[PDB]
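A.B. asks: Starting off with a structure, shown below.
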Amino acid sequence: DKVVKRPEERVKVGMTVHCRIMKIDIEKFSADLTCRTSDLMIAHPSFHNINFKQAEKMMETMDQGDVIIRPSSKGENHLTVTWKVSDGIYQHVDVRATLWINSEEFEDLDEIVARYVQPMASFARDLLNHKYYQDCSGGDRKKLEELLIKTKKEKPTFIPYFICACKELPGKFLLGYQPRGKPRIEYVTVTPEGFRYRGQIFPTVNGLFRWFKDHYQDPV
Amino acid sequence: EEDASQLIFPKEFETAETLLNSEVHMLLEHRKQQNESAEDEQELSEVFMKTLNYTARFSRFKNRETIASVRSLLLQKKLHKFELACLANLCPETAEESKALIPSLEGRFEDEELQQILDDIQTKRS
Amino acid sequence: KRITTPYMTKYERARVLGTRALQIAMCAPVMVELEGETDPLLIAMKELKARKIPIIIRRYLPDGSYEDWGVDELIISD
Amino acid sequence: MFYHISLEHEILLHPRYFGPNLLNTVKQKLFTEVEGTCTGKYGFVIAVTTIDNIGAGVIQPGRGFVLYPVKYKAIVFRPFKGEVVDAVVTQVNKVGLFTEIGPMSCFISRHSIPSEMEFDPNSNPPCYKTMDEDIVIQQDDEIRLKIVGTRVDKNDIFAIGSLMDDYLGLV
Amino acid sequence: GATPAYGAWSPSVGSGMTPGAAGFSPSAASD
């Protein structure tokens, strides 16, 4: 400021303003202090140095298998791992889905996902390509029941089956069937090592199907 | 009244567990090795550092098996626990020196009986 | 080999609710989803209903022995 | 002398620490509570090796703090009178010799030192020698001594040495 | 928080009775 209003923002009037000193004029009654601040001077693991509502706006673009790690919103020294499950379904593993781990893993986070999300993600994707697969608007309990009774009429003898994933409780597949003219629902969990059906854990994905196609004949 | 020379200690300390210089040294070394790992941990204090460098300058032997063997060959005798630490740590050359330093040994055992033990300890030293 | 009654006495219920409320008010983690309430006593009551209070009562007998019951173990009167 | 004994101690834990890591937090507080301190009963404590068990936390009436009477297996260093140890000389002064018994520092006077060990103020490094200058004693030397007196300066042990008995010097 | 644990839920199994005959499709090979 030369022929304009005196510099008030650059230099604190009445108070002390920090600026770089580029002149030694103590004896000459001079202070070359700079008012300007500048004078003083598939499987793509991303990162995030974010809230929950806004984070969802950047999840529907990436394809299945792209895992993203973000901080938590419950306490301190916590992380949340989010891996793509289906169209709109996302499991938010809130690591203290109580996944117990040690503290040394904090330094290197390149193995937590490769040890508990990658195999789980592959197992989850294996069901996506299933022959009898459907979504029915996120797999709602009110819409998945009418389909069974509407599909039994076309083939009373043959009793087909379907698989879907819920939206309110991610990570719980619904495997329904019609033993008679009465619907029934059975959930199933996908563990990091495999699945959890009737309490048993299978090593491979096909094992669950092979064991399921030989146990639903009982009267229950 | 508390004088280790005459083998008297408080009741609480009487039931203590003696430790050797090498024993404490390796214990502290292992504790340091454990603490250095597991990042995001409060680092050691000057007390730990000074104790480490104090015990490291008197490690007569590094082998835990050496420690075990010496304590095993010593415990077979009738000496009190207090006699297990000082005698095993100082490692005197001669029975006369050992007896002079520790007045308890005066008249407690024979000269050759102690000298053989001292020689064995010296040999056990690395 | 516990011989104390399997019901929670009103005294024990009152004290447990109070202590859990104090702990919550001191910024302690809750053991139930909050529906949008703030009163620590209300949160404590909800936890008691849901049987998730991390407290165990130690009933002393006249002789001197004692028995440790878990809130989630014995039946709640109210 | 270093010893390995079982001690007990109780710590209050603020309710903010309740959670999946309760035991871990209790252990951490114990570590950073009973390390390096000193007491006139058991003496100076070096560090804690392991913990026996965690008692039943007794929640106090009308207060959120809960106390845990934990018993820990730690080591302790409580030198007694008459014990003979091998320390390292830290400094040499005409007033006296300063050593370092691990977590404790002693001090010996010229009166305790025999007359044979004179002073060497003329030489830059303060040292003591004999007439024939055969034996030499200086700093950073593993010199032995005898603990003839003890003292605790408010959790700060400071014993006193002596150099009258024979066979006290270089090994 | 608004994101409670999802994998910690216990999957409850439903009970019932269906005295039906054995006339369903066979199994398959695990390959």
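Letters A, B, ... mark the chains of the structure tokens in the order given; residue numbers begin at 1 per chain; ligand numbers begin at 1, in order shown.
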Could you list, as a ChimeraX atom specification, every residue within 7 Å of residue 30 in chain E, counting only C-alpha atoms and ignoring same-chain residues fewer than 4 positions away?
C.D. replies: /A:206-207,210
A.B. asks: May I ask you to extract the residues of chain A within 7 Å of chain E, using only C-alpha atoms, and to give them as a ChimeraX atom specification?
C.D. replies: /A:73-74,94,97-98,169-171,186-187,206-207,210,213-214,217,219-220
A.B. asks: For the residues in the current selection, export N, CA and C atoms as a PDB file, in the first residue's frame.
C.D. replies:
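Written output follows (part39.pdb):
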```pdb
ATOM      1  N   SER A  73     -15.564 -44.036  12.858  1.00  0.00           N
ATOM      2  CA  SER A  73     -16.359 -42.936  13.390  1.00  0.00           C
ATOM      3  C   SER A  73     -17.079 -43.373  14.658  1.00  0.00           C
ATOM      4  N   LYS A  74     -16.390 -44.132  15.495  1.00  0.00           N
ATOM      5  CA  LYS A  74     -16.923 -44.588  16.773  1.00  0.00           C
ATOM      6  C   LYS A  74     -16.004 -44.271  17.942  1.00  0.00           C
ATOM      7  N   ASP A  94     -15.796 -53.025  10.926  1.00  0.00           N
ATOM      8  CA  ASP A  94     -15.385 -52.061  11.943  1.00  0.00           C
ATOM      9  C   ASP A  94     -14.339 -52.727  12.828  1.00  0.00           C
ATOM     10  N   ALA A  97     -18.955 -57.702  13.123  1.00  0.00           N
ATOM     11  CA  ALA A  97     -17.700 -57.794  12.385  1.00  0.00           C
ATOM     12  C   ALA A  97     -16.521 -57.472  13.302  1.00  0.00           C
ATOM     13  N   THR A  98     -16.527 -58.063  14.492  1.00  0.00           N
ATOM     14  CA  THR A  98     -15.478 -57.841  15.487  1.00  0.00           C
ATOM     15  C   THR A  98     -14.252 -58.649  15.086  1.00  0.00           C
ATOM     16  N   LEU A 169     -28.631 -55.670   6.360  1.00  0.00           N
ATOM     17  CA  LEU A 169     -27.632 -56.421   7.120  1.00  0.00           C
ATOM     18  C   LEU A 169     -26.665 -57.062   6.133  1.00  0.00           C
ATOM     19  N   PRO A 170     -25.686 -56.305   5.641  1.00  0.00           N
ATOM     20  CA  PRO A 170     -24.739 -56.866   4.671  1.00  0.00           C
ATOM     21  C   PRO A 170     -23.983 -58.058   5.243  1.00  0.00           C
ATOM     22  N   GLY A 171     -23.669 -59.009   4.367  1.00  0.00           N
ATOM     23  CA  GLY A 171     -22.924 -60.187   4.755  1.00  0.00           C
ATOM     24  C   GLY A 171     -23.759 -61.355   5.221  1.00  0.00           C
ATOM     25  N   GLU A 186     -33.568 -69.258   5.223  1.00  0.00           N
ATOM     26  CA  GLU A 186     -32.350 -69.667   5.913  1.00  0.00           C
ATOM     27  C   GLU A 186     -31.220 -68.730   5.516  1.00  0.00           C
ATOM     28  N   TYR A 187     -30.630 -68.074   6.513  1.00  0.00           N
ATOM     29  CA  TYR A 187     -29.507 -67.181   6.288  1.00  0.00           C
ATOM     30  C   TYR A 187     -28.203 -67.976   6.230  1.00  0.00           C
ATOM     31  N   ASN A 206     -17.726 -74.480  -3.624  1.00  0.00           N
ATOM     32  CA  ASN A 206     -18.567 -75.563  -4.121  1.00  0.00           C
ATOM     33  C   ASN A 206     -18.924 -76.569  -3.033  1.00  0.00           C
ATOM     34  N   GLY A 207     -18.125 -76.649  -1.968  1.00  0.00           N
ATOM     35  CA  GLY A 207     -18.431 -77.585  -0.901  1.00  0.00           C
ATOM     36  C   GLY A 207     -19.767 -77.301  -0.247  1.00  0.00           C
ATOM     37  N   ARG A 210     -22.474 -78.593  -2.553  1.00  0.00           N
ATOM     38  CA  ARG A 210     -22.506 -80.052  -2.582  1.00  0.00           C
ATOM     39  C   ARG A 210     -23.110 -80.613  -1.302  1.00  0.00           C
ATOM     40  N   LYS A 213     -27.076 -79.792  -1.260  1.00  0.00           N
ATOM     41  CA  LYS A 213     -27.927 -80.578  -2.145  1.00  0.00           C
ATOM     42  C   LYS A 213     -28.126 -82.013  -1.658  1.00  0.00           C
ATOM     43  N   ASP A 214     -27.771 -82.313  -0.401  1.00  0.00           N
ATOM     44  CA  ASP A 214     -27.950 -83.655   0.141  1.00  0.00           C
ATOM     45  C   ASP A 214     -28.479 -83.638   1.574  1.00  0.00           C
ATOM     46  N   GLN A 217     -33.640 -82.751   2.175  1.00  0.00           N
ATOM     47  CA  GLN A 217     -34.706 -83.727   1.980  1.00  0.00           C
ATOM     48  C   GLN A 217     -35.364 -84.159   3.282  1.00  0.00           C
ATOM     49  N   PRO A 219     -37.472 -84.115   6.834  1.00  0.00           N
ATOM     50  CA  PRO A 219     -38.716 -83.406   7.177  1.00  0.00           C
ATOM     51  C   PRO A 219     -38.484 -82.073   7.867  1.00  0.00           C
ATOM     52  N   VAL A 220     -37.367 -81.916   8.570  1.00  0.00           N
ATOM     53  CA  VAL A 220     -37.083 -80.691   9.314  1.00  0.00           C
ATOM     54  C   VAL A 220     -38.128 -80.508  10.410  1.00  0.00           C
TER      55      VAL A 220
END
```
A.B. asks: Starting from chain D, keep only residues with some atom at most 12 Å from an atom of chain C, counting only C-alpha atoms, and report them as a PDB file with C-alpha atoms, in the first residue's frame.
C.D. replies:
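Written file, iface_0.pdb:
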```
ATOM      1  CA  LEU D  13      -9.217 -47.394  36.325  1.00  0.00           C
ATOM      2  CA  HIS D  14     -11.346 -44.550  35.021  1.00  0.00           C
ATOM      3  CA  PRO D  15     -14.580 -45.822  33.421  1.00  0.00           C
ATOM      4  CA  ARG D  16     -13.582 -44.280  30.085  1.00  0.00           C
ATOM      5  CA  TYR D  17     -11.210 -47.250  29.695  1.00  0.00           C
ATOM      6  CA  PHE D  18     -13.899 -49.955  29.879  1.00  0.00           C
ATOM      7  CA  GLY D  19     -14.065 -51.897  26.635  1.00  0.00           C
ATOM      8  CA  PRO D  20     -12.509 -54.778  24.714  1.00  0.00           C
ATOM      9  CA  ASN D  21      -9.015 -53.693  25.836  1.00  0.00           C
ATOM     10  CA  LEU D  22      -9.750 -53.462  29.573  1.00  0.00           C
ATOM     11  CA  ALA D  56     -11.921 -58.837  40.634  1.00  0.00           C
ATOM     12  CA  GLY D  57     -12.355 -55.126  40.043  1.00  0.00           C
ATOM     13  CA  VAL D  58     -14.398 -53.775  42.948  1.00  0.00           C
ATOM     14  CA  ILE D  59     -16.492 -50.853  41.721  1.00  0.00           C
ATOM     15  CA  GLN D  60     -16.612 -48.263  44.487  1.00  0.00           C
ATOM     16  CA  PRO D  61     -19.944 -46.922  45.776  1.00  0.00           C
ATOM     17  CA  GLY D  62     -20.914 -43.612  44.228  1.00  0.00           C
ATOM     18  CA  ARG D  63     -17.751 -43.401  42.124  1.00  0.00           C
ATOM     19  CA  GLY D  64     -17.029 -44.718  38.654  1.00  0.00           C
ATOM     20  CA  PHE D  65     -13.451 -45.666  39.479  1.00  0.00           C
ATOM     21  CA  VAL D  66     -12.933 -49.410  39.911  1.00  0.00           C
TER      22      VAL D  66
END
```
A.B. asks: Pull out every residue of chain A that has at least one atom within 12 Å of chain D, counting only C-alpha atoms, and report them as an MDAnalysis selection string.
C.D. replies: chainID A and resid 75:76 95:96 98:103
A.B. asks: Selection from above, C-alpha atoms, as a short mmCIF file (atom, residue, chain, number, x, y, z; two decimals), in the first residue's frame, can you write it?
C.D. replies:
```cif
data_model
loop_
_atom_site.label_atom_id
_atom_site.label_comp_id
_atom_site.auth_asym_id
_atom_site.auth_seq_id
_atom_site.Cartn_x
_atom_site.Cartn_y
_atom_site.Cartn_z
CA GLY A 75 -13.74 -44.19 18.85
CA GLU A 76 -9.99 -43.70 18.57
CA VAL A 95 -12.02 -53.31 13.18
CA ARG A 96 -11.55 -52.71 16.91
CA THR A 98 -15.48 -57.84 15.49
CA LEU A 99 -12.19 -58.70 13.77
CA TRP A 100 -9.62 -59.13 16.54
CA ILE A 101 -6.06 -58.26 15.49
CA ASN A 102 -2.78 -57.11 17.03
CA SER A 103 -1.15 -53.66 17.01
#
```
A.B. asks: Show me, as a PyMOL selection string, the residues of chain C whose atoms get within 10 Å of chain E, using only C-alpha atoms for the distance check.
C.D. replies: chain C and resi 32-34
A.B. asks: Deliver the residues from the most recent selection as a file, using N, CA and C atoms, as a tab-separated table (two decimals), in the first residue's frame.
C.D. replies:
```tsv
chain	number	residue	atom	x	y	z
C	32	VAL	N	-25.52	-51.24	24.05
C	32	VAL	CA	-26.77	-51.35	23.31
C	32	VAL	C	-26.89	-50.15	22.37
C	33	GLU	N	-27.53	-50.36	21.23
C	33	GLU	CA	-27.73	-49.27	20.29
C	33	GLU	C	-28.64	-48.21	20.90
C	34	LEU	N	-28.24	-46.95	20.78
C	34	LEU	CA	-29.03	-45.84	21.27
C	34	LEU	C	-30.01	-45.39	20.20
```
A.B. asks: Could you work out how far CA of residue 156 in chain A lies from CA of residue 136 in chain A, giving the answer in Å with one decimal?
C.D. replies: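 CA of residue 156 in chain A lies 22.6 Å from CA of residue 136 in chain A.
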A.B. asks: Taking only C-alpha atoms into account, report as a ChimeraX atom specification which residues of chain A lie within 12 Å of chain B.
C.D. replies: /A:77,102-108
A.B. asks: For range 144-153 of chain D, list every protein, DNA or RNA residue within 10 Å, evaluated using only C-alpha atoms, and leave out those in the same chain fewer than 6 positions away; present the list as a PDB file with N, CA and C atoms, in the first residue's frame.
C.D. replies:
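Result file follows (out32.pdb):
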```
ATOM      1  N   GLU B   2      20.387 -54.716  60.248  1.00  0.00           N
ATOM      2  CA  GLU B   2      20.365 -55.354  58.932  1.00  0.00           C
ATOM      3  C   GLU B   2      21.778 -55.372  58.367  1.00  0.00           C
ATOM      4  N   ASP B   3      22.429 -56.532  58.428  1.00  0.00           N
ATOM      5  CA  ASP B   3      23.783 -56.697  57.906  1.00  0.00           C
ATOM      6  C   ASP B   3      23.863 -58.054  57.221  1.00  0.00           C
ATOM      7  N   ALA B   4      24.054 -58.043  55.902  1.00  0.00           N
ATOM      8  CA  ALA B   4      24.153 -59.293  55.160  1.00  0.00           C
ATOM      9  C   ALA B   4      25.367 -60.113  55.572  1.00  0.00           C
ATOM     10  N   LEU B  90      31.231 -62.393  41.939  1.00  0.00           N
ATOM     11  CA  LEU B  90      32.589 -61.870  42.045  1.00  0.00           C
ATOM     12  C   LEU B  90      33.594 -62.802  41.382  1.00  0.00           C
ATOM     13  N   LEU B 101      36.665 -61.721  51.621  1.00  0.00           N
ATOM     14  CA  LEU B 101      35.584 -60.849  51.176  1.00  0.00           C
ATOM     15  C   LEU B 101      34.283 -61.171  51.898  1.00  0.00           C
TER      16      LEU B 101
ATOM     17  N   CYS D  38      10.864 -46.403  43.961  1.00  0.00           N
ATOM     18  CA  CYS D  38      11.572 -46.981  45.090  1.00  0.00           C
ATOM     19  C   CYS D  38      10.727 -46.855  46.343  1.00  0.00           C
ATOM     20  N   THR D  39      10.918 -47.804  47.254  1.00  0.00           N
ATOM     21  CA  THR D  39      10.205 -47.811  48.519  1.00  0.00           C
ATOM     22  C   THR D  39      11.148 -48.280  49.615  1.00  0.00           C
ATOM     23  N   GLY D  40      10.905 -47.787  50.826  1.00  0.00           N
ATOM     24  CA  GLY D  40      11.743 -48.141  51.955  1.00  0.00           C
ATOM     25  C   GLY D  40      11.546 -49.546  52.469  1.00  0.00           C
ATOM     26  N   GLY D  43      12.530 -51.662  48.651  1.00  0.00           N
ATOM     27  CA  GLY D  43      13.686 -51.058  48.024  1.00  0.00           C
ATOM     28  C   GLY D  43      13.394 -50.579  46.615  1.00  0.00           C
ATOM     29  N   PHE D  44      14.463 -50.508  45.823  1.00  0.00           N
ATOM     30  CA  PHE D  44      14.382 -49.969  44.475  1.00  0.00           C
ATOM     31  C   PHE D  44      13.988 -51.063  43.491  1.00  0.00           C
ATOM     32  N   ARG D  78      17.549 -54.145  46.373  1.00  0.00           N
ATOM     33  CA  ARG D  78      17.583 -53.587  47.725  1.00  0.00           C
ATOM     34  C   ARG D  78      18.912 -53.953  48.373  1.00  0.00           C
ATOM     35  N   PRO D  79      19.968 -53.187  48.111  1.00  0.00           N
ATOM     36  CA  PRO D  79      21.263 -53.508  48.721  1.00  0.00           C
ATOM     37  C   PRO D  79      21.187 -53.416  50.235  1.00  0.00           C
ATOM     38  N   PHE D  80      21.915 -54.301  50.904  1.00  0.00           N
ATOM     39  CA  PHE D  80      21.981 -54.327  52.355  1.00  0.00           C
ATOM     40  C   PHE D  80      23.401 -54.026  52.811  1.00  0.00           C
ATOM     41  N   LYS D  81      23.541 -53.787  54.111  1.00  0.00           N
ATOM     42  CA  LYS D  81      24.842 -53.496  54.691  1.00  0.00           C
ATOM     43  C   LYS D  81      25.689 -54.759  54.736  1.00  0.00           C
ATOM     44  N   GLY D  82      26.990 -54.595  54.510  1.00  0.00           N
ATOM     45  CA  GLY D  82      27.924 -55.697  54.553  1.00  0.00           C
ATOM     46  C   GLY D  82      28.123 -56.414  53.237  1.00  0.00           C
ATOM     47  N   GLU D  83      27.255 -56.185  52.257  1.00  0.00           N
ATOM     48  CA  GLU D  83      27.379 -56.826  50.958  1.00  0.00           C
ATOM     49  C   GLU D  83      28.521 -56.208  50.161  1.00  0.00           C
ATOM     50  N   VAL D  84      29.186 -57.042  49.368  1.00  0.00           N
ATOM     51  CA  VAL D  84      30.335 -56.634  48.568  1.00  0.00           C
ATOM     52  C   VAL D  84      29.945 -56.738  47.101  1.00  0.00           C
ATOM     53  N   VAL D  85      30.129 -55.648  46.353  1.00  0.00           N
ATOM     54  CA  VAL D  85      29.751 -55.615  44.944  1.00  0.00           C
ATOM     55  C   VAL D  85      30.864 -54.974  44.128  1.00  0.00           C
ATOM     56  N   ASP D  86      30.765 -55.155  42.818  1.00  0.00           N
ATOM     57  CA  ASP D  86      31.753 -54.671  41.863  1.00  0.00           C
ATOM     58  C   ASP D  86      31.123 -53.542  41.060  1.00  0.00           C
ATOM     59  N   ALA D  87      31.514 -52.307  41.354  1.00  0.00           N
ATOM     60  CA  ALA D  87      30.976 -51.153  40.657  1.00  0.00           C
ATOM     61  C   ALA D  87      32.049 -50.570  39.753  1.00  0.00           C
ATOM     62  N   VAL D  88      31.689 -49.504  39.051  1.00  0.00           N
ATOM     63  CA  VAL D  88      32.599 -48.820  38.148  1.00  0.00           C
ATOM     64  C   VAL D  88      32.775 -47.399  38.654  1.00  0.00           C
ATOM     65  N   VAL D  89      34.023 -46.959  38.722  1.00  0.00           N
ATOM     66  CA  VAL D  89      34.334 -45.632  39.234  1.00  0.00           C
ATOM     67  C   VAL D  89      33.893 -44.602  38.205  1.00  0.00           C
ATOM     68  N   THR D  99      31.283 -43.701  42.478  1.00  0.00           N
ATOM     69  CA  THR D  99      31.051 -44.887  41.662  1.00  0.00           C
ATOM     70  C   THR D  99      29.595 -44.915  41.219  1.00  0.00           C
ATOM     71  N   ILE D 101      26.597 -47.911  41.498  1.00  0.00           N
ATOM     72  CA  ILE D 101      26.067 -49.255  41.750  1.00  0.00           C
ATOM     73  C   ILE D 101      24.714 -49.305  41.048  1.00  0.00           C
ATOM     74  N   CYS D 106      27.320 -44.618  45.117  1.00  0.00           N
ATOM     75  CA  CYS D 106      27.957 -44.544  46.418  1.00  0.00           C
ATOM     76  C   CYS D 106      29.070 -43.502  46.381  1.00  0.00           C
ATOM     77  N   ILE D 108      33.168 -42.842  48.425  1.00  0.00           N
ATOM     78  CA  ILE D 108      34.184 -43.266  49.382  1.00  0.00           C
ATOM     79  C   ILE D 108      35.099 -42.086  49.667  1.00  0.00           C
ATOM     80  N   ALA D 159      23.752 -45.361  48.947  1.00  0.00           N
ATOM     81  CA  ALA D 159      24.539 -46.033  49.966  1.00  0.00           C
ATOM     82  C   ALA D 159      25.920 -45.392  50.069  1.00  0.00           C
ATOM     83  N   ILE D 160      26.763 -45.972  50.918  1.00  0.00           N
ATOM     84  CA  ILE D 160      28.117 -45.476  51.130  1.00  0.00           C
ATOM     85  C   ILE D 160      29.077 -46.655  51.092  1.00  0.00           C
ATOM     86  N   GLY D 161      30.194 -46.475  50.390  1.00  0.00           N
ATOM     87  CA  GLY D 161      31.174 -47.524  50.226  1.00  0.00           C
ATOM     88  C   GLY D 161      32.302 -47.437  51.236  1.00  0.00           C
ATOM     89  N   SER D 162      33.327 -48.249  50.992  1.00  0.00           N
ATOM     90  CA  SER D 162      34.481 -48.341  51.875  1.00  0.00           C
ATOM     91  C   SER D 162      35.566 -49.132  51.165  1.00  0.00           C
ATOM     92  N   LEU D 163      36.817 -48.818  51.484  1.00  0.00           N
ATOM     93  CA  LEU D 163      37.967 -49.450  50.852  1.00  0.00           C
ATOM     94  C   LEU D 163      39.019 -49.809  51.891  1.00  0.00           C
ATOM     95  N   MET D 164      38.601 -50.474  52.965  1.00  0.00           N
ATOM     96  CA  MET D 164      39.526 -50.901  54.007  1.00  0.00           C
ATOM     97  C   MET D 164      39.913 -52.369  53.906  1.00  0.00           C
ATOM     98  N   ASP D 165      38.991 -53.242  53.514  1.00  0.00           N
ATOM     99  CA  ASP D 165      39.307 -54.659  53.423  1.00  0.00           C
ATOM    100  C   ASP D 165      40.220 -54.931  52.232  1.00  0.00           C
ATOM    101  N   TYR D 167      41.995 -56.935  49.020  1.00  0.00           N
ATOM    102  CA  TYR D 167      41.444 -57.474  47.781  1.00  0.00           C
ATOM    103  C   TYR D 167      40.240 -56.648  47.325  1.00  0.00           C
ATOM    104  N   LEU D 168      40.492 -55.358  47.105  1.00  0.00           N
ATOM    105  CA  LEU D 168      39.480 -54.416  46.612  1.00  0.00           C
ATOM    106  C   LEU D 168      40.158 -53.531  45.568  1.00  0.00           C
ATOM    107  N   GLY D 169      40.044 -53.930  44.307  1.00  0.00           N
ATOM    108  CA  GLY D 169      40.663 -53.196  43.224  1.00  0.00           C
ATOM    109  C   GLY D 169      40.531 -53.910  41.897  1.00  0.00           C
ATOM    110  N   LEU D 170      41.620 -53.970  41.139  1.00  0.00           N
ATOM    111  CA  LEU D 170      41.614 -54.664  39.861  1.00  0.00           C
ATOM    112  C   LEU D 170      41.646 -56.171  40.077  1.00  0.00           C
ATOM    113  N   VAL D 171      40.802 -56.879  39.334  1.00  0.00           N
ATOM    114  CA  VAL D 171      40.744 -58.331  39.413  1.00  0.00           C
ATOM    115  C   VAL D 171      41.893 -58.938  38.620  1.00  0.00           C
TER     116      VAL D 171
END
```
A.B. asks: In Å to one decimal, how far is CA of residue 96 in chain D from CA of residue 110 in chain D?
C.D. replies: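 Those two atoms sit 5.9 Å apart.
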A.B. asks: Hey, what's within 12 Å of residue 88 in chain A if we count only C-alpha atoms and toss same-chain stuff fewer than 4 positions away? As an MDAnalysis selection string, please?
C.D. replies: chainID A and resid 56:64 83:84 135 137:139 165:170
A.B. asks: Next, dump the selected residues to file, keeping only C-alpha atoms, as a PDB file, in the first residue's frame.
C.D. replies:
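So the final result, stored in again-v2.pdb, reads:
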```pdb
ATOM      1  CA  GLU A  56     -20.939 -43.457  -0.088  1.00  0.00           C
ATOM      2  CA  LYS A  57     -20.835 -41.029  -3.033  1.00  0.00           C
ATOM      3  CA  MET A  58     -17.524 -42.592  -4.170  1.00  0.00           C
ATOM      4  CA  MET A  59     -18.295 -46.311  -3.880  1.00  0.00           C
ATOM      5  CA  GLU A  60     -20.718 -47.053  -6.724  1.00  0.00           C
ATOM      6  CA  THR A  61     -18.182 -46.234  -9.463  1.00  0.00           C
ATOM      7  CA  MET A  62     -15.528 -48.851  -8.670  1.00  0.00           C
ATOM      8  CA  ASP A  63     -16.186 -52.426  -9.762  1.00  0.00           C
ATOM      9  CA  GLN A  64     -16.315 -55.465  -7.492  1.00  0.00           C
ATOM     10  CA  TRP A  83     -15.019 -54.037   0.256  1.00  0.00           C
ATOM     11  CA  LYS A  84     -17.434 -54.127  -2.665  1.00  0.00           C
ATOM     12  CA  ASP A 135     -31.506 -58.858  -6.616  1.00  0.00           C
ATOM     13  CA  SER A 137     -34.408 -54.332  -5.283  1.00  0.00           C
ATOM     14  CA  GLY A 138     -31.774 -55.201  -2.703  1.00  0.00           C
ATOM     15  CA  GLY A 139     -33.448 -58.473  -1.730  1.00  0.00           C
ATOM     16  CA  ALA A 165     -28.126 -60.801  -0.352  1.00  0.00           C
ATOM     17  CA  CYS A 166     -29.943 -58.446   2.004  1.00  0.00           C
ATOM     18  CA  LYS A 167     -29.303 -54.694   2.122  1.00  0.00           C
ATOM     19  CA  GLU A 168     -29.998 -53.733   5.750  1.00  0.00           C
ATOM     20  CA  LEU A 169     -27.632 -56.421   7.120  1.00  0.00           C
ATOM     21  CA  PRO A 170     -24.739 -56.866   4.671  1.00  0.00           C
TER      22      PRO A 170
END
```
A.B. asks: For residue 109 in chain B, find every residue with an atom within 12 Å (counting only C-alpha atoms), except residues of its own chain fewer than 4 positions away, and show them as a list in words.
C.D. replies: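 Those residues are residues 77, 78, 79, 95, 96, 98, 99, 103, 104, 105, 113, 114, 115, 116 and 117 of chain B.
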A.B. asks: Check range 2-214 of chain A with DSSP on the backbone and list each residue it calls alpha helix (DSSP H), as a VMD selection string.
C.D. replies: chain A and resid 37 to 40 112 to 116 118 to 128 136 to 139 143 to 152 205 to 212
A.B. asks: Please identify all polymer residues within 12 Å of range 4-14 of chain A, counting only C-alpha atoms, omitting same-chain residues fewer than 5 positions from it, and present them as a ChimeraX atom specification.
C.D. replies: /A:19-20,32-39
A.B. asks: List the spatial neighbours of residue 126 in chain D as a list in words - criterion: any atom at most 8 Å away, only C-alpha atoms, same-chain residues fewer than 3 positions off excluded.
C.D. replies: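 Skipping anything fewer than 3 positions along the chain leaves residues 92, 93, 119, 120, 121, 123 and 138 of chain D.
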A.B. asks: Store the residues picked out above, limited to C-alpha atoms, as a compact mmCIF listing (two decimals), in the first residue's frame.
C.D. replies:
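Output below, filename selection.txt:
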```
# COMPACT_ATOMS: atom_id res chain seq x y z
CA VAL D 92 37.85 -39.15 41.15
CA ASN D 93 38.05 -36.06 43.36
CA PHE D 119 46.50 -37.83 44.79
CA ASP D 120 47.53 -36.89 41.25
CA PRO D 121 46.19 -33.35 40.76
CA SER D 123 48.11 -34.99 35.92
CA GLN D 138 41.08 -44.21 37.56
```
